[PDB]
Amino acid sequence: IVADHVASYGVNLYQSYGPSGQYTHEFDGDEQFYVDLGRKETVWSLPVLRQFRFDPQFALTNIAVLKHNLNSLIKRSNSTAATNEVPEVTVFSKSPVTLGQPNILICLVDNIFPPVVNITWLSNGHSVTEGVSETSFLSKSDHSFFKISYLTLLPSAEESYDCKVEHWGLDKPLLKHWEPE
């Protein structure tokens, strides 16, 4: 469909593995908010949107409808499971690299299905957790997902990084390297 703008009010996800769910709204491909289903609270992704209120119970009730519908379709499909796809991983920086100026590494994990993935960061072969964050699963029109992880850093001549991606569509974890040059 062709449109000046496209929104999802919202993207609802529920899956048997876990199990787990996700509730978000999207506008022109970006995440407006998610509902933390465990804490039952709306978490706005854009500071200008904090002026609004969204009842988290709407999300919890909707996910329960998805959970019920899924159980029905598992039976009717004769337990037709999801097919694992091969995700595509790319690492790049938010801004041009200048040594000694703060930056952010971005790891895009695209063509994700099913939406179950572990994205971590490595430096000199050891895991890095400080300064790491990630988006929710963001929707795609072919009904796969993408997800983006971030690592804040101070670029330095001696220090390189890997984005590490575990997904059932991969024989072994995928490492995408980034060098400051």
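One rule holds for the numbers: they count along the sequence shown, beginning at 1.
- Note on 111-119 vs 23-31: mean CA B-factor is higher in 111-119.
- For the pair 128-136 and 144-152, the mean Cα B-factor is higher in 128-136.
- For the set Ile106, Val89, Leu73, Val97, the maximum C-alpha B-factor listed in the entry falls on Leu73.
- Compared with the other modelled residues of the chain, the Cα B-factor recorded for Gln101 ranks in the middle third.
- In the deposited entry, the Cα temperature factor of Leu13 sits in the bottom third of values across the chain's modelled residues.
- Sort the modelled residues of the chain by CA B factor and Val2 lands in the highest third.
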